[PDB]
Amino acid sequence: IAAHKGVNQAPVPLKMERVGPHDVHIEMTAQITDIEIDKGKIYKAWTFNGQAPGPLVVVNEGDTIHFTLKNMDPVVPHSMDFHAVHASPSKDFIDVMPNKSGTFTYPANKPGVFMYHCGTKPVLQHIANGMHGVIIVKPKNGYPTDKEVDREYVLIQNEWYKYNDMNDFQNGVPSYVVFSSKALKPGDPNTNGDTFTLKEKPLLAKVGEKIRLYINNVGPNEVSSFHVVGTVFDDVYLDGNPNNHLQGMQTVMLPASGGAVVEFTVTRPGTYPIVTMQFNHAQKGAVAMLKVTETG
């Protein structure tokens, strides 16, 4: 796109503030930002806030979100579809023109780990170029295993294709498949979908801990066979809904856009790969690491 040549808009922080016991304001940008997706490979991504996947959103069950999208892209319209919300897509997930803002309000009625993404046609183009992310809706009554959890992180799986190539997006295998992590608490890492960061800078934990991961596969096109090497999931909540409880799973199948809360125990010191067992995708980047030490 001629108007994107040389454009690299610095990342902008997510803005969130609570405005009532059940109402929250969220402000995000659409922007065009260079991201290193593999060593030596820059992708001039279409993003929310200069991150791909975008910044984490966390709200409580029953919160109404008053969402503003500020479109920094000089030429392409953008939009937002939160899978957490009940909304009229033709009224509430509509386009915001370049250099404009739009505000939309809708409730997050349902607990879980939801995809969000741009909803502008062609949606495949917007998602594949980077406009995806996760919103977590915390359950009013928690999960039954909350008291057992020692530490928690968020991990997101996505693919990357040939740059802005709709043929490839439709018809081609992914060039890379990758994990990222998005921060829940101060000091947690906050990374973009790339082949290397979570190998070189593993997630950290302590021997004996029960770890919870909030996970989502944003696609755009592939399913995920999510597995932590050297453990078994004690408990799994599909889509993060407390009612969708499974136990003792080796691997969690996630559709495109599918989420889960998964919990597992790390019994011994060492480094534990986190993979999709679709090993062509693992080979193409989709391995993260969890370093487990006597201290954490």
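Note that residue numbering follows the sequence shown and begins at 1.
- Averaged over CA atoms, B-factors in the entry run higher in 98-106 than in the other of 168-176 and 98-106.
- When the two stretches 157-165 and 134-142 are set side by side, the higher mean Cα temperature factor goes to 134-142.
- Per the deposited coordinates, the residue with the largest Cα temperature factor out of 118, 215, 223, 72 is 72.
- Per the PDB entry, 270 shows the highest C-alpha temperature factor of the residues 230, 270, 54, 259.
- Among the modelled residues of its chain, residue 83 has a C-alpha B-factor that falls in the lowest third according to the deposited record.
- Placement of the Cα temperature factor of residue 249 within the chain: lowest third of the modelled residues, per the deposited record.
- Among all modelled residues in its chain, residue 263 ranks in the middle third by Cα B-factor.
- Sort the modelled residues of the chain by CA B factor and residue 19 lands in the middle third.
- When all modelled residues of the chain are sorted by CA temperature factor, residue 243 is found within the highest third.
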